[PDB]
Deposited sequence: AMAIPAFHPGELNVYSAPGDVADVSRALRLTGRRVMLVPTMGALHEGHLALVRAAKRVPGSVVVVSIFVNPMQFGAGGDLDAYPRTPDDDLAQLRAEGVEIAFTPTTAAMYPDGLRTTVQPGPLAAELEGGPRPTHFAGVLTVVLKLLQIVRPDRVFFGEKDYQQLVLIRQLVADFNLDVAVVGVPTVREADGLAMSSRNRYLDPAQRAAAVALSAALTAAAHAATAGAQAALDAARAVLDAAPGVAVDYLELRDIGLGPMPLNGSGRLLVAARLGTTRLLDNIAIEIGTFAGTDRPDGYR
């Protein structure tokens, strides 16, 4: 017996078997299941993913909300669910840690070497946790499409690697980064920035968009333009600024690439990245 599903309403399931049963039933009725994985505390950046999933004809949208142990964090369950309702999302999946990890951490996904780079420097087990939980959600929900923000570009690439390497039958959709009015990438960490820090923080996006336009003059011009912009900001400790190919390999001599930055403003770590076309 499939759990109750009320079309056009927000249906909340916490039991993996329940969301799995409902998704399967819905797929059989000619719905295309879209999965939007989140950690709750939803803002406009997350809702852009929701909106992209909604515009697929015949879509039913499943938004998961779950905080992974292996990859201090504020939460607001009631408000997250109210945002989802307002967006017309029909399924929220909100499991417990014990439901997701009933045997603890036993089998896990080992990512390839990209997982040790960039964000994997300070947090070398982060992406193992990410790919493990994403794989699990992919198997529970069996979505036709899965949505990730370009904000976490390295995460997006690694999920593309997961999907290809494990022969997963799902399309990965990357969704452009939602920004504040001055270009700052939207993140829950932004609220922690004091006025001085919030003003200096614009340098990340400014550096990157400057680089993207300096790029007609080549790879070194792009890097130098970004570095100059970061160098003009006080209290911005750059962890890395790197230009890579779009799959995060070495930048080829020309063609398409990605410029990624990470920086600390006091105790708040910020990231950003942008498409670059070299030459």
Residues of the deposited sequence that never got C-alpha coordinates are 1-2, 74-81, 290-301
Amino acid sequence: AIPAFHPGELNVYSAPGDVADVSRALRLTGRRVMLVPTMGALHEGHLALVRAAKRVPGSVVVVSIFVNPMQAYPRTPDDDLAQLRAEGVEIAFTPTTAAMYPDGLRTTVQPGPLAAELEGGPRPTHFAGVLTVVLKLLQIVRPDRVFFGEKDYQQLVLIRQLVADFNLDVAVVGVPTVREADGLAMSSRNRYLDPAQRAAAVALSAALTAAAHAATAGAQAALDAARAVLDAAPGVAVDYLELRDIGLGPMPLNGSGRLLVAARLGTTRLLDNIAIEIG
From here on, numbers count along this sequence of modelled residues.
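Only the largest set of C-alpha atoms that superpose within 1.5 Å between the two forms is called the rigid core.
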Going by root mean square C-alpha distance after a core fit, say whether 188-196 or 133-141 is farther from the shown form in 9 other deposited structures of this protein. 188-196
Higher-deviation stretch (C-alpha RMS, rigid core fit) in 9 other deposited structures of this protein, choosing from 52-60 and 250-258: 250-258
So residue 106 is built in this one, but is it left out in a third or more of the other compared PDB entries that include its neighbours? no
Look at the other compared PDB entries that model both sides of residue 122, then say whether a third or more of them leave it out. no
Could you check which stretch, 75-83 or 199-207, carries the larger mean CA temperature factor in the entry? 75-83
Of 267-275 and 253-261, the one with larger mean CA B-factor: 253-261
Per the deposited entry, the peak Cα B-factor within the set 117, 150, 165, 180 goes to 180
Please pick out which of 70, 229, 236, 223 has the largest Cα B-factor as recorded in the entry. 70
State the tercile, meaning the lowest, middle or highest third, of residue 96 with respect to the CA B-factors recorded for its chain. middle
Among the modelled residues of its chain, the C-alpha B-factor of residue 242 falls in the third labelled lowest
Would you mind checking where the Cα B-factor of residue 193 ranks among the modelled residues of its chain, as the lowest, middle or highest third? highest
Using the temperature factors of the C-alpha atoms in this entry, rank residue 42 within its chain: lowest, middle or highest third. highest
Going by the recorded CA B-factors, say which third of the chain residue 176 sits in, lowest, middle or highest. middle
